[PDB]
Amino acid sequence: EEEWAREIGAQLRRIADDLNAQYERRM
Amino acid sequence: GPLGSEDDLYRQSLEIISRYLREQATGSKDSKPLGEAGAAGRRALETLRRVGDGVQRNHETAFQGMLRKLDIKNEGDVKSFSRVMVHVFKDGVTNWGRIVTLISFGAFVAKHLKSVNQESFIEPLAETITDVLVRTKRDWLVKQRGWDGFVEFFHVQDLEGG
């Protein structure tokens with residue numbers, strides 16, 4: 001019901017967070 | 001009301017995102033210059049596309065896998081789409097990488113829709129993603145100078161003159 005959306009939203013989160021962190025801290 | 005009610009960012013974002021979705025969905029690497037969007041639109045377009053196509057390939061199974069689950073068939077799929085966005089922004093952390101992923105996922109959806117000739121859902125999806133993505137944290141867009149900040153933050157050590 002919501003599990004699928006949770007993982008989908010979390011996946012984009014996992015990928016996005018690490019992606020932005022690369023520029024966020026290391027410049 | 002006055003100038004405080006105007007949203008020039010919306011004009012640029014709508015322009016860049018809708019164009020990006022259309023060029024990506026058709027595989028058209030040759031998109032018309034961001035003249036009507038902004039000088040930084042071109043840099044944003046090339047950067048957004050490179051990261052978007054890159055994250056999709058780096059996470060083929062994850063991106064194509066999640067894409068298969070979220071197959072667009074009706075307007076009802078738009079409601080769940082917004083929920084996926086809200087799911088990513090659930091913590092309240094507004095970062096560029098999260099914006100690129102939301103647009104990249106949308107681009108993949110548009111690509112998937114175009115593949116099945118579902119353009120009727122692509123146009124509304126592109127505009128929906130744009131409004132929802134920009135309106136949720138428009139205050140952040142203003143603080144980060146919009147796309148100008150996107151290219152600045154995503155391309156810190158850029159050469160610019162070459």
# chains A, B, ... in the order shown; residues from 1 in each chain; ligands from 1

$ closest_atom_pairs --of "chain B" --to "chain A" --cutoff "6 Å" --atoms "only C-alpha atoms" --output "Markdown table"
| residue | atom | partner | partner_atom | distance |
| --- | --- | --- | --- | --- |
| B:84 | CA | A:9 | CA | 5.1 |
| B:87 | CA | A:9 | CA | 4.9 |
| B:88 | CA | A:9 | CA | 5.0 |
| B:97 | CA | A:20 | CA | 4.5 |
| B:98 | CA | A:16 | CA | 4.6 |
| B:101 | CA | A:16 | CA | 6.0 |

$ residues_around --residues "residue 86 in chain B" --least-positions-apart "3" --cutoff "12 Å" --atoms "only C-alpha atoms" --output "PDB file with N, CA and C atoms, in the first residue's frame"
ATOM      1  N   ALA A   5       6.023   2.784  -2.275  1.00  0.00           N
ATOM      2  CA  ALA A   5       6.324   4.210  -2.378  1.00  0.00           C
ATOM      3  C   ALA A   5       7.458   4.596  -1.435  1.00  0.00           C
ATOM      4  N   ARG A   6       7.466   3.991  -0.248  1.00  0.00           N
ATOM      5  CA  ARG A   6       8.509   4.245   0.744  1.00  0.00           C
ATOM      6  C   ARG A   6       9.890   3.922   0.184  1.00  0.00           C
ATOM      7  N   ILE A   8      10.705   3.423  -3.010  1.00  0.00           N
ATOM      8  CA  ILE A   8      10.963   4.240  -4.200  1.00  0.00           C
ATOM      9  C   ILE A   8      11.453   5.632  -3.788  1.00  0.00           C
ATOM     10  N   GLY A   9      10.746   6.248  -2.840  1.00  0.00           N
ATOM     11  CA  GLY A   9      11.143   7.559  -2.354  1.00  0.00           C
ATOM     12  C   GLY A   9      12.479   7.512  -1.630  1.00  0.00           C
ATOM     13  N   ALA A  10      12.717   6.422  -0.904  1.00  0.00           N
ATOM     14  CA  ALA A  10      13.969   6.244  -0.178  1.00  0.00           C
ATOM     15  C   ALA A  10      15.136   5.995  -1.137  1.00  0.00           C
ATOM     16  N   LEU A  12      15.478   7.117  -4.297  1.00  0.00           N
ATOM     17  CA  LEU A  12      15.839   8.399  -4.883  1.00  0.00           C
ATOM     18  C   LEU A  12      16.548   9.253  -3.840  1.00  0.00           C
ATOM     19  N   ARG A  13      16.151   9.079  -2.577  1.00  0.00           N
ATOM     20  CA  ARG A  13      16.772   9.786  -1.463  1.00  0.00           C
ATOM     21  C   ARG A  13      18.226   9.338  -1.291  1.00  0.00           C
TER      22      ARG A  13
ATOM     23  N   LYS B  79      -1.091  11.658  -8.624  1.00  0.00           N
ATOM     24  CA  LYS B  79      -1.190  11.820  -7.172  1.00  0.00           C
ATOM     25  C   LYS B  79      -0.069  11.057  -6.456  1.00  0.00           C
ATOM     26  N   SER B  80       0.165   9.813  -6.876  1.00  0.00           N
ATOM     27  CA  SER B  80       1.221   8.995  -6.285  1.00  0.00           C
ATOM     28  C   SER B  80       2.596   9.571  -6.619  1.00  0.00           C
ATOM     29  N   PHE B  81       2.714  10.177  -7.806  1.00  0.00           N
ATOM     30  CA  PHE B  81       3.968  10.795  -8.235  1.00  0.00           C
ATOM     31  C   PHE B  81       4.386  11.898  -7.258  1.00  0.00           C
ATOM     32  N   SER B  82       3.440  12.776  -6.921  1.00  0.00           N
ATOM     33  CA  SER B  82       3.701  13.850  -5.966  1.00  0.00           C
ATOM     34  C   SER B  82       4.116  13.265  -4.618  1.00  0.00           C
ATOM     35  N   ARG B  83       3.472  12.160  -4.234  1.00  0.00           N
ATOM     36  CA  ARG B  83       3.789  11.481  -2.977  1.00  0.00           C
ATOM     37  C   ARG B  83       5.232  10.966  -2.980  1.00  0.00           C
ATOM     38  N   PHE B  89      11.530  14.436  -0.063  1.00  0.00           N
ATOM     39  CA  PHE B  89      11.667  15.671   0.722  1.00  0.00           C
ATOM     40  C   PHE B  89      11.093  15.525   2.141  1.00  0.00           C
ATOM     41  N   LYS B  90      10.693  14.306   2.497  1.00  0.00           N
ATOM     42  CA  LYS B  90      10.082  14.006   3.806  1.00  0.00           C
ATOM     43  C   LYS B  90      10.861  14.563   5.011  1.00  0.00           C
ATOM     44  N   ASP B  91      12.182  14.592   4.928  1.00  0.00           N
ATOM     45  CA  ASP B  91      13.002  15.090   6.036  1.00  0.00           C
ATOM     46  C   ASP B  91      13.074  16.622   6.060  1.00  0.00           C
ATOM     47  N   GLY B  92      12.730  17.249   4.940  1.00  0.00           N
ATOM     48  CA  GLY B  92      12.777  18.698   4.856  1.00  0.00           C
ATOM     49  C   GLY B  92      14.114  19.219   4.347  1.00  0.00           C
ATOM     50  N   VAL B  93      15.009  18.314   3.954  1.00  0.00           N
ATOM     51  CA  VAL B  93      16.321  18.716   3.447  1.00  0.00           C
ATOM     52  C   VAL B  93      16.250  19.081   1.959  1.00  0.00           C
ATOM     53  N   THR B  94      16.451  20.354   1.651  1.00  0.00           N
ATOM     54  CA  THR B  94      16.397  20.809   0.266  1.00  0.00           C
ATOM     55  C   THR B  94      17.793  20.896  -0.349  1.00  0.00           C
ATOM     56  N   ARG B  98      18.792  16.098  -4.868  1.00  0.00           N
ATOM     57  CA  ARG B  98      17.434  15.586  -4.701  1.00  0.00           C
ATOM     58  C   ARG B  98      16.517  16.131  -5.796  1.00  0.00           C
ATOM     59  N   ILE B  99      16.797  17.351  -6.231  1.00  0.00           N
ATOM     60  CA  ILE B  99      16.025  17.973  -7.295  1.00  0.00           C
ATOM     61  C   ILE B  99      16.342  17.294  -8.632  1.00  0.00           C
ATOM     62  N   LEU B 102      14.638  13.827  -8.745  1.00  0.00           N
ATOM     63  CA  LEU B 102      13.198  13.972  -8.973  1.00  0.00           C
ATOM     64  C   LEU B 102      12.914  14.281 -10.445  1.00  0.00           C
ATOM     65  N   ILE B 129       5.531  18.063 -12.138  1.00  0.00           N
ATOM     66  CA  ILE B 129       6.821  17.946 -11.464  1.00  0.00           C
ATOM     67  C   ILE B 129       7.429  19.330 -11.238  1.00  0.00           C
ATOM     68  N   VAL B 132       5.251  21.314  -8.533  1.00  0.00           N
ATOM     69  CA  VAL B 132       5.430  20.684  -7.223  1.00  0.00           C
ATOM     70  C   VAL B 132       6.875  20.812  -6.720  1.00  0.00           C
ATOM     71  N   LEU B 133       7.852  20.582  -7.597  1.00  0.00           N
ATOM     72  CA  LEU B 133       9.266  20.673  -7.217  1.00  0.00           C
ATOM     73  C   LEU B 133       9.667  22.104  -6.856  1.00  0.00           C
ATOM     74  N   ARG B 135       7.412  24.869  -6.217  1.00  0.00           N
ATOM     75  CA  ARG B 135       6.543  25.462  -5.189  1.00  0.00           C
ATOM     76  C   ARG B 135       6.814  24.930  -3.777  1.00  0.00           C
ATOM     77  N   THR B 136       7.185  23.655  -3.657  1.00  0.00           N
ATOM     78  CA  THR B 136       7.469  23.068  -2.341  1.00  0.00           C
ATOM     79  C   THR B 136       8.547  23.856  -1.593  1.00  0.00           C
ATOM     80  N   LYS B 137       9.622  24.206  -2.288  1.00  0.00           N
ATOM     81  CA  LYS B 137      10.709  24.961  -1.671  1.00  0.00           C
ATOM     82  C   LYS B 137      11.170  26.130  -2.545  1.00  0.00           C
TER      83      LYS B 137
END

$ residues_around --residues "residue 72 in chain B" --least-positions-apart "4" --cutoff "12 Å" --atoms "only C-alpha atoms" --output "list in words"
residues 67, 68, 76, 77, 78, 79, 80, 81, 106, 108, 109, 110, 111, 112, 113, 114, 115, 116, 117, 118, 119, 120, 121, 122, 124 and 125 of chain B

$ residues_around --residues "residue 45 in chain B" --least-positions-apart "5" --cutoff "9 Å" --atoms "only C-alpha atoms" --output "ChimeraX atom specification"
/B:16-17,20,34,40,50

$ select_by_dssp --residues "range 22-144 of chain B" --states "alpha helix (DSSP H)" --output "PyMOL selection string"
chain B and resi 22-26+39-58+60-69+76-88+96-115+119-136+138-143

$ write_last_selection --atoms "C-alpha atoms" --output "PDB file, in the first residue's frame"
ATOM      1  CA  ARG B  22      10.736  16.453 -24.226  1.00  0.00           C
ATOM      2  CA  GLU B  23      14.343  16.227 -25.509  1.00  0.00           C
ATOM      3  CA  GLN B  24      15.119  13.280 -23.199  1.00  0.00           C
ATOM      4  CA  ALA B  25      11.873  11.425 -24.027  1.00  0.00           C
ATOM      5  CA  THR B  26      12.639  11.757 -27.752  1.00  0.00           C
ATOM      6  CA  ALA B  39      21.900  32.352 -19.554  1.00  0.00           C
ATOM      7  CA  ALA B  40      22.427  29.749 -16.809  1.00  0.00           C
ATOM      8  CA  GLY B  41      19.738  27.539 -18.374  1.00  0.00           C
ATOM      9  CA  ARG B  42      22.188  26.078 -20.891  1.00  0.00           C
ATOM     10  CA  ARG B  43      24.680  25.158 -18.169  1.00  0.00           C
ATOM     11  CA  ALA B  44      21.825  23.751 -16.105  1.00  0.00           C
ATOM     12  CA  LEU B  45      20.479  21.781 -19.082  1.00  0.00           C
ATOM     13  CA  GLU B  46      23.828  20.155 -19.956  1.00  0.00           C
ATOM     14  CA  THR B  47      24.579  19.446 -16.267  1.00  0.00           C
ATOM     15  CA  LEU B  48      21.080  18.165 -15.404  1.00  0.00           C
ATOM     16  CA  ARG B  49      21.059  15.859 -18.449  1.00  0.00           C
ATOM     17  CA  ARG B  50      24.556  14.504 -17.750  1.00  0.00           C
ATOM     18  CA  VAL B  51      23.745  13.772 -14.100  1.00  0.00           C
ATOM     19  CA  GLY B  52      20.237  12.498 -14.891  1.00  0.00           C
ATOM     20  CA  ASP B  53      21.345  10.089 -17.640  1.00  0.00           C
ATOM     21  CA  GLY B  54      24.305   9.176 -15.439  1.00  0.00           C
ATOM     22  CA  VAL B  55      22.345   8.277 -12.279  1.00  0.00           C
ATOM     23  CA  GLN B  56      19.912   6.233 -14.391  1.00  0.00           C
ATOM     24  CA  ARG B  57      22.787   4.229 -15.903  1.00  0.00           C
ATOM     25  CA  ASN B  58      24.746   3.950 -12.629  1.00  0.00           C
ATOM     26  CA  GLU B  60      19.998   0.841 -14.018  1.00  0.00           C
ATOM     27  CA  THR B  61      18.307  -1.883 -11.935  1.00  0.00           C
ATOM     28  CA  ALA B  62      17.151   0.622  -9.302  1.00  0.00           C
ATOM     29  CA  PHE B  63      15.922   3.304 -11.721  1.00  0.00           C
ATOM     30  CA  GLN B  64      14.463   0.986 -14.384  1.00  0.00           C
ATOM     31  CA  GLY B  65      13.133  -1.248 -11.613  1.00  0.00           C
ATOM     32  CA  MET B  66      11.267   1.534  -9.795  1.00  0.00           C
ATOM     33  CA  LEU B  67      10.130   2.866 -13.194  1.00  0.00           C
ATOM     34  CA  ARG B  68       8.434  -0.461 -14.029  1.00  0.00           C
ATOM     35  CA  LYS B  69       6.440  -0.254 -10.771  1.00  0.00           C
ATOM     36  CA  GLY B  76      -4.490   8.876 -10.686  1.00  0.00           C
ATOM     37  CA  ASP B  77      -0.785   8.106 -11.204  1.00  0.00           C
ATOM     38  CA  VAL B  78      -0.045  11.836 -10.820  1.00  0.00           C
ATOM     39  CA  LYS B  79      -1.190  11.820  -7.172  1.00  0.00           C
ATOM     40  CA  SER B  80       1.221   8.995  -6.285  1.00  0.00           C
ATOM     41  CA  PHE B  81       3.968  10.795  -8.235  1.00  0.00           C
ATOM     42  CA  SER B  82       3.701  13.850  -5.966  1.00  0.00           C
ATOM     43  CA  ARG B  83       3.789  11.481  -2.977  1.00  0.00           C
ATOM     44  CA  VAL B  84       7.085  10.041  -4.272  1.00  0.00           C
ATOM     45  CA  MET B  85       8.471  13.588  -4.394  1.00  0.00           C
ATOM     46  CA  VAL B  86       7.173  14.339  -0.888  1.00  0.00           C
ATOM     47  CA  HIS B  87       8.700  10.997   0.144  1.00  0.00           C
ATOM     48  CA  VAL B  88      12.168  12.237  -0.907  1.00  0.00           C
ATOM     49  CA  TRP B  96      20.223  20.071  -5.588  1.00  0.00           C
ATOM     50  CA  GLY B  97      20.966  16.338  -5.915  1.00  0.00           C
ATOM     51  CA  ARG B  98      17.434  15.586  -4.701  1.00  0.00           C
ATOM     52  CA  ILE B  99      16.025  17.973  -7.295  1.00  0.00           C
ATOM     53  CA  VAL B 100      18.057  16.352 -10.101  1.00  0.00           C
ATOM     54  CA  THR B 101      16.851  12.869  -9.054  1.00  0.00           C
ATOM     55  CA  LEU B 102      13.198  13.972  -8.973  1.00  0.00           C
ATOM     56  CA  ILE B 103      13.619  15.456 -12.457  1.00  0.00           C
ATOM     57  CA  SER B 104      15.711  12.482 -13.675  1.00  0.00           C
ATOM     58  CA  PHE B 105      13.045  10.048 -12.473  1.00  0.00           C
ATOM     59  CA  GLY B 106      10.422  12.185 -14.186  1.00  0.00           C
ATOM     60  CA  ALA B 107      12.577  12.219 -17.331  1.00  0.00           C
ATOM     61  CA  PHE B 108      12.753   8.415 -17.200  1.00  0.00           C
ATOM     62  CA  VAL B 109       8.963   8.309 -16.827  1.00  0.00           C
ATOM     63  CA  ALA B 110       8.596  10.639 -19.830  1.00  0.00           C
ATOM     64  CA  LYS B 111      11.069   8.455 -21.769  1.00  0.00           C
ATOM     65  CA  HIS B 112       9.027   5.376 -20.796  1.00  0.00           C
ATOM     66  CA  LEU B 113       5.732   7.106 -21.666  1.00  0.00           C
ATOM     67  CA  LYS B 114       7.061   8.308 -25.041  1.00  0.00           C
ATOM     68  CA  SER B 115       8.198   4.736 -25.744  1.00  0.00           C
ATOM     69  CA  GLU B 119       2.621  11.897 -24.696  1.00  0.00           C
ATOM     70  CA  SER B 120      -0.792  12.868 -23.242  1.00  0.00           C
ATOM     71  CA  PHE B 121       0.649  12.095 -19.793  1.00  0.00           C
ATOM     72  CA  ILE B 122       4.157  13.469 -20.455  1.00  0.00           C
ATOM     73  CA  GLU B 123       3.167  17.137 -20.875  1.00  0.00           C
ATOM     74  CA  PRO B 124       1.018  17.197 -17.637  1.00  0.00           C
ATOM     75  CA  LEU B 125       3.702  15.218 -15.761  1.00  0.00           C
ATOM     76  CA  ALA B 126       6.460  17.668 -16.746  1.00  0.00           C
ATOM     77  CA  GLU B 127       4.388  20.660 -15.621  1.00  0.00           C
ATOM     78  CA  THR B 128       3.255  18.866 -12.444  1.00  0.00           C
ATOM     79  CA  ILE B 129       6.821  17.946 -11.464  1.00  0.00           C
ATOM     80  CA  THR B 130       7.929  21.527 -12.185  1.00  0.00           C
ATOM     81  CA  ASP B 131       5.206  23.193 -10.095  1.00  0.00           C
ATOM     82  CA  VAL B 132       5.430  20.684  -7.223  1.00  0.00           C
ATOM     83  CA  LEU B 133       9.266  20.673  -7.217  1.00  0.00           C
ATOM     84  CA  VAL B 134       9.539  24.476  -7.384  1.00  0.00           C
ATOM     85  CA  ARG B 135       6.543  25.462  -5.189  1.00  0.00           C
ATOM     86  CA  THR B 136       7.469  23.068  -2.341  1.00  0.00           C
ATOM     87  CA  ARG B 138      10.567  28.104  -3.848  1.00  0.00           C
ATOM     88  CA  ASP B 139      12.096  29.990  -0.906  1.00  0.00           C
ATOM     89  CA  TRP B 140      15.189  27.819  -1.355  1.00  0.00           C
ATOM     90  CA  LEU B 141      15.310  28.472  -5.109  1.00  0.00           C
ATOM     91  CA  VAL B 142      15.380  32.228  -4.413  1.00  0.00           C
ATOM     92  CA  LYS B 143      18.137  31.797  -1.797  1.00  0.00           C
TER      93      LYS B 143
END

$ closest_residue --among "B:70, B:37, B:159, B:151" --to "residue 15 in chain B" --atoms "only C-alpha atoms"
B:37
